[PDB]
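**Student:** Got an experimental structure here, sequence first:
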Amino acid sequence: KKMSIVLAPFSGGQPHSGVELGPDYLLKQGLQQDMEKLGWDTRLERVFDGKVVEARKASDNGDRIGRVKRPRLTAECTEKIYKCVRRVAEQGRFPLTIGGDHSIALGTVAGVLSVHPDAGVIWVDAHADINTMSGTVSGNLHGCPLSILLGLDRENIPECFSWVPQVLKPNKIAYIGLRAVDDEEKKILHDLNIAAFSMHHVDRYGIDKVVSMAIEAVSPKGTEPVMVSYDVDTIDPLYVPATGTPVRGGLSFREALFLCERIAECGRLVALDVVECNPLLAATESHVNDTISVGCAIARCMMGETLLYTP
Amino acid sequence: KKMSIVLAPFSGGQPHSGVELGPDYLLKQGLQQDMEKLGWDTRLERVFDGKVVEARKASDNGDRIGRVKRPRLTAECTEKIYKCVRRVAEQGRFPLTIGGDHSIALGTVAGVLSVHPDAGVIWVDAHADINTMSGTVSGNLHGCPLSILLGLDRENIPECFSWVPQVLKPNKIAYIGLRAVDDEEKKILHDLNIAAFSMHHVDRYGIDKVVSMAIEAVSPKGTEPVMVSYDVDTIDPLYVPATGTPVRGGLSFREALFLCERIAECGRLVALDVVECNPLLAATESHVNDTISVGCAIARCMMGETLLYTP
Amino acid sequence: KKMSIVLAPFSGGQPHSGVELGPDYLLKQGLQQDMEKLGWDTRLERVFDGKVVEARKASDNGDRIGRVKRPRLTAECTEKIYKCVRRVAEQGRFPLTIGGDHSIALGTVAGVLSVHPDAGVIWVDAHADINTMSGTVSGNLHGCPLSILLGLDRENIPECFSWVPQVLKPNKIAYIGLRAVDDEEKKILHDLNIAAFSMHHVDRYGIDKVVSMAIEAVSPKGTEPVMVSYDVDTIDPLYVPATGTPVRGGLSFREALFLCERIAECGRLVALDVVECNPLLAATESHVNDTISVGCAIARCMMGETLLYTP
Ligand SMILES: N[C@](CCCC[B-](O)(O)O)(CCN1CCCCC1)C(=O)O
Ligand SMILES: N[C@](CCCC[B-](O)(O)O)(CCN1CCCCC1)C(=O)O
Ligand SMILES: N[C@](CCCC[B-](O)(O)O)(CCN1CCCCC1)C(=O)O
Ligand SMILES: [Mn+2]
Ligand SMILES: [Mn+2]
Ligand SMILES: [Mn+2]
Ligand SMILES: [Mn+2]
Ligand SMILES: [Mn+2]
Ligand SMILES: [Mn+2]
C-alpha cells in the first residue's frame, strides 16, 4: 500500500487563476495525514512550481494556436505530469493526482494507461471535456483533454502535443454526471459510442445503478484496472461552490461520496485525479472549506474510508 | 412542428400581483428563441392586456360571489384563453401557455380537450387545485380550476362560468407532486378515485416510476394525447422561490426537469401550461432568475431538449 | 387512542444549554393540538423542572466520573423519565417523549421495554450513541445511552446507573441514518452485529428499502411492538440547523418525514422520542422554526398524518 500524491498546480487550461492553489489547500486540510491514517505509505511528488507556471501563464497571451489558448504551456506541463505519473505507477505506487484544472488529466491518464494498458477511465464531470482543437469555442484546454487522449481531429493537434501516447480507446471511457455537453461533444459521444451517464441517468436509475453500469462499461473481462478522474464541478454548486465552471442540478454531496465508496468497494481502483478546486473562486470563506473539504472527502472515500466498520 | 406561445398574464385567481408578469419575463429570458432552436415554428398569441386586466383586478373588490373572489373577471379572462387555445389546437399547432396563475388552466384544459377529447391531463403541483365554490376557504380561484372543469358542486358554480365545456373526466387527470392538499380536497380525490401521486409516492418509488404511473393512469389505450399543466410550486422553494404558494419538501430541480424529459420522451405531449411564476415575489434578484429560468427550462425539456445527443 | 406527552427538558448529556427548551418550543408550535387533531386524547407529563435542572447542570462541574461528565445528574433525571414512561405505558397510553438531549432515551427505552419486552428500537440518528464509559472521548453522555442500555463495559458503569433494567438486546436495535460513528463504536456495532443502516445504505437502496429492512431487523415474528427514538441531527443541517452535533450529508426533509409515514403505516409504533432540538443553537430565527417545526412534523407523521385521504 504505497501512494504518491502528485501535485499538479496548473491553471493554464482555463482563464481563472486560483485553481493552481488546489493542491496546497487540499494538503493544508490534511490530505496526506488522511491517507496515512487509511494505511497508505505516502509521499509528495512535486512536478513543477505552480507560481512560476502561474507567472508565465498570466503573462504570455501570445501562446495561442487558433482559438486554442496556451497550448505550448499546457503541452509542456502535462508532459511533466505524464512522466511523473508513469514513473509512480511503474514503481508500483498509487498515483493520487491533485489539480489544478482538468487539462492535467492529459498527463495522468496517459501515464496510467502506459503502465496499465487495459485500465478503464471513469470521468466524473458535469462536462464531457472532449471538444477538439478546431471545434472548441472557448479554446480553454481543460474542456479538451479527452479529444487529445483519444486522438480526435488529429490534423489540428499542434506539434507541441506530439508526446501524447495513443493508449486510450473510446470503449475504455465512461462518463458520470454529465449535464453541460456542447453540441459538438454530443455528436462525438454518439458517433464514438462512448458510455455516458448523464444526470438524466442518475435521476432515472439512481446513483448505485449508474456507478455499476459505468464500471462494467470499462471493465469487460470484469478484472481490469480502473482509473477515476474526478472533476468537483460534477457536484451541485450547493456543495461545491468554489469551482470554475459550475452547473445547476448536479450530484448531491451524498451521491458524490457514495460514488467513491462504490468504487473503493470494487477494489480495482489504480489511480485517482481530483481536479478543479478553485479556492479563490469562493464568495465566502465557508465555501472554500466546503470545496476543499469535499476534495479531501472524495480522496478518503476513494481510498477506503467507510461509515461503518471495515478493516 | 408548429407552436403558438399563448400569453396569459392573469393574476385574478389569487391575491398577489406580479404573477401577471410571468409571460413577459419568460419571454425576456428567451423562451421563444429556445423553442425555435428546438425546431418549432412559433408565434405569440396575445389573449388580453395584462395591465388593463391587472388594473381592473386590483380595483374591483366587489367581484365576489360568496367566499369566492373575482369570479366574473376570472370567468371572462379564462373564456378568452379557452377560445384562443381551442383555435390554436384546431389549427394543428402546439399550445404552450405561459401564466399567470393556475386559474388560467380552466381555459387551457377546456381548449385542448375540446379538440382532443381523450387527452389525459397530468397536473404537476404541490396542490390539488380542486376546491369547490362552496368548499373553498380562501376563495382564491387558482385553487379551484379542476372542480369547475370536472363539474363538481354544480349547484354553486355561478352563471358566469356557464361557458365551460364538460370534457374532463376524473379518470383522465393524474397529479404529481402533491403535498398541500386541503381536507376537503382529500375527500374529493378519494371519492372520485383520482390518480394522485404525492411527494410520499415520489419518495417511495422515485420520480421515474411515478411519472410512468401518471402517464399510464391517463393513457389506457396507451395511445392517447397528453397535456401537462405545470405549477412551478411543485418544485421545492429551494429552487423556485419566486412563487405565490410555496410548500416545503418539493421536487428537486433535477426531478422537476427529469419529469419533463420523460414526458418529452413519450412523444404524445399535445399541450403544456407553465404557471405561477411570480417575479415580484422574490426576496433577491437571484431568485427571480432562479424562477424564470426554471420556467424556461421546463419548456425546453418538455419540448425535447436533452442532455446528450438526440436529433 | 390515549397519549401522554412526556416533557424531558434535560441538557445534562451534552455541553450546550438550550436543548432543554425543546419541549417548550415544540409545545409552543402546537404539538399537543396537532396530536389532538389527529384523534389522540393527550395530556402533558411533567417529569422535572428544566430550569432547576439547568441551574444545577450549569453550576456543578464536580459531577464527573473519569472523562464522563454529569453521570450523577444524568442518572437522577433519566431514572425519573424511566419511572414516568413506564407508568404511562402500563396505563396503556402512548408515550411521546420530547427532549432534551438523547441521554433521555436511557429512561424512555428502559420504560417502554419494561412494559413491552419484545419491543424493537429503531434509532434514527447521525450517531451510534453507543460509546462506553471508559471508551467515551468527549465524556458527553448523550453519545452513550445505548451502551448503558445494552450493559456494555459493565465494570465501569457507575453505581448511580444501578437502576437501569437490562431489557434491550443487541438484536432489537436498528439504526437509520448513521454517518458519524466513532472508531470505538464501529467495532461494537460490528462485534455485536447490530443492524446499522448508514447514509451509505440510504444512498444505495433508497429510504423505503432501508426503513423496511430496519423494521424487519427488530421485528422477527413480524408482530412486535416498535419504538422509534428520533434524533433530529439525522436530518441534513440544511433542514435542521438548530442542533448540537450537526453532520453534513444527512436525510433530506422529505426522507426524514417519509420514514415517519412508513412507520405510522406499519401500525405497530408504541412509543416515540423526539430529541436534540436546540432553539438557541440557531444563527437566525428562520432556523429555530426550521428546527422546531421539523420536530412537530415528525410527530404528526409518526402519529398518522398523511398527504392524501386516510381516515
Ligand atoms: N464546454 C466548455 C466547458 C469546459 C469545462 C472543462 B472542465 O470539465 O474540466 O471544468 C464550455 C463551452 N462553452 C459553453 C457556453 C458557450 C460557449 C462555450 C468548454 O470550454 O469547452
Ligand atoms: N389550497 C389553497 C391553495 C391553492 C393553491 C393554488 B395553486 O396550486 O395554482 O398555487 C390554500 C388553502 N388554505 C390552506 C391554509 C388554510 C387556509 C386555506 C386554496 O386557496 O384553496
Ligand atoms: N460521538 C460523539 C457524538 C455524540 C452524539 C450524541 B447525539 O446522537 O444524541 O447528538 C462525538 C465524538 N467525538 C468525535 C470527534 C472527536 C472527538 C469525539 C460523542 O460525544 O461520543
Ligand atoms: Mn472537467
Ligand atoms: Mn467540468
Ligand atoms: Mn396550481
Ligand atoms: Mn400549487
Ligand atoms: Mn443521538
Ligand atoms: Mn446524533
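**Tutor:** Alright, I've got the coordinates. Numbers count the residues shown, from 1 in each chain, chains lettered A, B, ... in the order given. Ligands and ions are numbered 1, 2, ... in the order given.
**Student:** Only C-alpha atoms from now on, for both contacts and neighbour counts.
**Tutor:** Will do.
**Student:** ok, the residue in chain A positioned nearest to chain B - contacts?
**Tutor:** Nearest residue of chain A to chain B, counting by CA to the nearest CA: residue A:186, 4.9 Å away. Listed by CA atoms under 8 Å, 6 or more residues apart in numbering or on different chains, the contact set of residue A:186 reads B:308-309.
**Student:** please redo it, this time with the cut-off set to 10 Å
**Tutor:** A:128, A:130-131, A:180, A:196, B:307-310 (CA atoms under 10 Å, 6 or more residues apart in numbering or on different chains).
**Student:** Can you mark which positions in the helix or strand it falls within are buried?
**Tutor:** Element membership for residue A:186, per DSSP states H and E: helix A:183-191. Using 16 or more other CA atoms under 10 Å in any protein chain shown as the test for burial, helix A:183-191 gives A:185-189.
**Student:** now residue A:174, what's its secondary structure?
**Tutor:** strand (DSSP: H, G, I helix; E, B strand; the rest coil).
**Student:** related to what we said a few turns ago, among the buried residues of helix A:183-191, find me the one that's closest to residue B:24.
**Tutor:** Nearest to residue B:24 out of the buried residues of helix A:183-191 is residue A:186 (CA to CA; 32.0 Å).
**Student:** closest point of chain A to ligand 6, which residue?
**Tutor:** residue A:249 (23.7 Å; CA to the ion).
**Student:** give the contact list for that residue.
**Tutor:** Residues near residue A:249 by CA under 10 Å, 6+ apart: A:126, A:177, A:179, A:199, A:234-238, B:239, B:252-255, B:257.
**Student:** Those also near ligand 5: which ones?
**Tutor:** Filtering the contacts of residue A:249 for proximity to ligand 5 by CA under 5 Å from the ion leaves residue A:126.
**Student:** hmm, the helix or strand that comes right after the helix holding residue A:186 in reach of chain B?
**Tutor:** Next in sequence after helix A:183-191, counting helices and strands by DSSP H and E, comes strand A:195-198. Yes. Judged by CA under 10 Å from any CA of the partner chain, strand A:195-198 comes into contact with chain B through A:196-198.
**Student:** can you give me the offset of strand A:195-198 from its chain's centre?
**Tutor:** 16 Å (CA atoms, centre = their mean, to the nearest Å).
**Student:** picking up where we left off before, out of the contacts of residue A:249, which are inside strands?
**Tutor:** Secondary structure from DSSP state E places residue A:177 of the contacts of residue A:249 in strands.
**Student:** closest to ligand 4 among the contacts of residue A:249?
**Tutor:** Of all the contacts of residue A:249, ligand 4 sits closest to residue A:126, with 7.2 Å by CA to the ion.
**Student:** I am assuming the closest one contacts residue A:251, so please confirm or correct that.
**Tutor:** Yes. Residue A:126 lies in contact with residue A:251 (CA atoms under 10 Å); the separation is 9.1 Å.
**Student:** what do the two both touch?
**Tutor:** Joint contacts of residue A:126 and residue A:251 (CA under 10 Å, 6+ apart) are A:176-178, A:199, A:232-236.
**Student:** want to throw the residues you listed into JSON lines with distance to ligand 6?
**Tutor:** Below are those laid out as JSON lines (distance: CA to the ion, whole Å):
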{"residue": "A:176", "distance to ligand 6": "35"}
{"residue": "A:177", "distance to ligand 6": "32"}
{"residue": "A:178", "distance to ligand 6": "32"}
{"residue": "A:199", "distance to ligand 6": "27"}
{"residue": "A:232", "distance to ligand 6": "37"}
{"residue": "A:233", "distance to ligand 6": "34"}
{"residue": "A:234", "distance to ligand 6": "33"}
{"residue": "A:235", "distance to ligand 6": "31"}
{"residue": "A:236", "distance to ligand 6": "28"}
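**Student:** Which pair of those spans the longest distance?
**Tutor:** Across these, the longest distance by CA to CA is 14.7 Å; it joins A:199 and A:232.
**Student:** Between the two, point out the one with more neighbours.
**Tutor:** Ranked by neighbour count (other CA atoms under 10 Å in any protein chain shown), residue A:199 and residue A:232 place residue A:232 first, with 32 against 25.
**Student:** how much space between that one and ligand 1?
**Tutor:** 8 Å (CA to the nearest ligand atom, to the nearest Å).
**Student:** How about the contacts made by that residue?
**Tutor:** So residue A:232 contacts A:102, A:124-126, A:239-246, A:251, A:256, A:274-278, A:291-292, A:294-295, A:298 (CA under 10 Å, 6+ apart).
**Student:** Ligand 5 contacts on the stretch 101-250 of chain A?
**Tutor:** Within the stretch 101-250 of chain A, the residues that sit near ligand 5 (CA under 5 Å from the ion) are A:125-127.
**Student:** change it to 8 Å
**Tutor:** Taking CA under 8 Å from the ion, the part of the stretch 101-250 of chain A that reaches ligand 5 is made up of A:102, A:125-129, A:143, A:231-234, A:245-246.
**Student:** do the host helix or strand of residue A:228 and chain B meet at all?
**Tutor:** Assigned by DSSP H and E, residue A:228 belongs to strand A:226-231. No. Judged by CA under 10 Å from any CA, strand A:226-231 stays clear of chain B, getting no closer than 18.0 Å.
**Student:** For that strand, name the packing helices and strands.
**Tutor:** Strand A:226-231 is packed against strand A:94-99, helix A:105-115, strand A:120-124, strand A:173-178, helix A:207-218, helix A:253-266, strand A:269-275, helix A:285-302, with contacts defined by 3 or more CA pairs under 10 Å, 6 or more residues apart in numbering or on different chains; DSSP states H and E.
**Student:** mind checking which of these is nearest residue B:212?
**Tutor:** Closest to residue B:212 of those, according to CA to CA: helix A:207-218, at 18.8 Å.
**Student:** list the helices and strands that closest one packs on?
**Tutor:** Here helix A:207-218 touches strand A:120-124, strand A:173-178, strand A:195-198, helix A:199-205, strand A:226-231, helix A:253-266, helix C:199-205, going by 3+ CA pairs under 10 Å, 6+ apart.
**Student:** what are the bridge partners for the most centrally placed residue in chain A, then?
**Tutor:** Centre of chain A computed as the mean C-alpha position; nearest residue by CA atoms, centre = their mean is residue A:229, 3.4 Å away. Beta-bridge partners recorded for residue A:229 (DSSP bridges): residue A:123, residue A:273.
**Student:** circling back: mind putting the residues of strand A:195-198 next to chain B into CSV with neighbour count?
**Tutor:** Shown next, in CSV, are the residues of strand A:195-198 next to chain B (neighbours: other CA atoms under 10 Å in any protein chain shown):
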residue, neighbour count
A:196, 24
A:197, 22
A:198, 25
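**Student:** about what we covered before: burial-wise, tell me which of the helices and strands packed on helix A:207-218 comes out on top.
**Tutor:** Mean neighbours per residue, mean count of other CA atoms under 10 Å in any protein chain shown, is largest over the helices and strands packed on helix A:207-218 for strand A:120-124, with a mean of 27.
**Student:** could I have that one exported to CSV, CA atoms only?
**Tutor:** Extracted in CSV, the C-alpha atoms of strand A:120-124 (Å, rounded to 0.1, in the frame of the first residue of the first chain):
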residue,chain,number,x,y,z
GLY,A,120,-10.7,1.8,-17.7
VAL,A,121,-11.3,5.5,-17.2
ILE,A,122,-14.3,6.8,-15.3
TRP,A,123,-14.6,10.5,-15.9
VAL,A,124,-16.8,12.2,-13.2
